[PDB]
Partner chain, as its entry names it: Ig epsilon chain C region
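Next comes just one chain, in structure tokens: the form deposited without its partner chain.
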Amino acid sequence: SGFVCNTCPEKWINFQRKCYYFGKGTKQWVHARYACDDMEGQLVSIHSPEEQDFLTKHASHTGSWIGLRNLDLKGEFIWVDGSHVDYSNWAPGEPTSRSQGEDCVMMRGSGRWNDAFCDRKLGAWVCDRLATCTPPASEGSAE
């Protein structure tokens, strides 16, 4: 068994004290958020062009799922965390013409997001959660 203070091995990525999940599985957005709960995290919900690009680059064989869920379809996109989008990446500026539905947002290898029905065609689930490094706080800091 692997030691603690290090849960993110390959896909999963840890930083200052938080980690990301870029694993493979499921086939729907709702399945991604459910996966997050299993890891005790959250549906990514990327807010940094770097982070979105980070997973975007990490996701080659298939796109990735983010913490984005829209009301109906073309309405307002709200994050699974209950926070309206701030940057958004669904296409740089191409409104396309093939309108069929978009209840969630996906990420393509192109280097951004694509707003389309949660039931598109992905293969990798991504969620974020804090690292597994948390020792029992005994001595109170700053006495």
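Residue numbers count along the first chain shown, from 1.
From this point on, the text means the form solved in complex with its partner chain, which you will not see here.
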Practice task
Give a yes or no for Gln100: in the entry with it bound, does one of its heavy atoms lie within 4.5 Å of a heavy atom belonging to its partner chain?
Solution key: yes
Problem - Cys118: touches its partner chain in the entry with it bound, heavy atom cutoff 4.5 angstroms - result: yes
Practice task
With heavy atoms only and a cut-off of 4.5 Å, decide whether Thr62 touches its partner chain in the entry with it bound.
Solution key: no
Exercise for the section: Using a 4.5 Å heavy atom cut-off, state whether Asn114 contacts its partner chain in the entry with it bound. Expected result: no
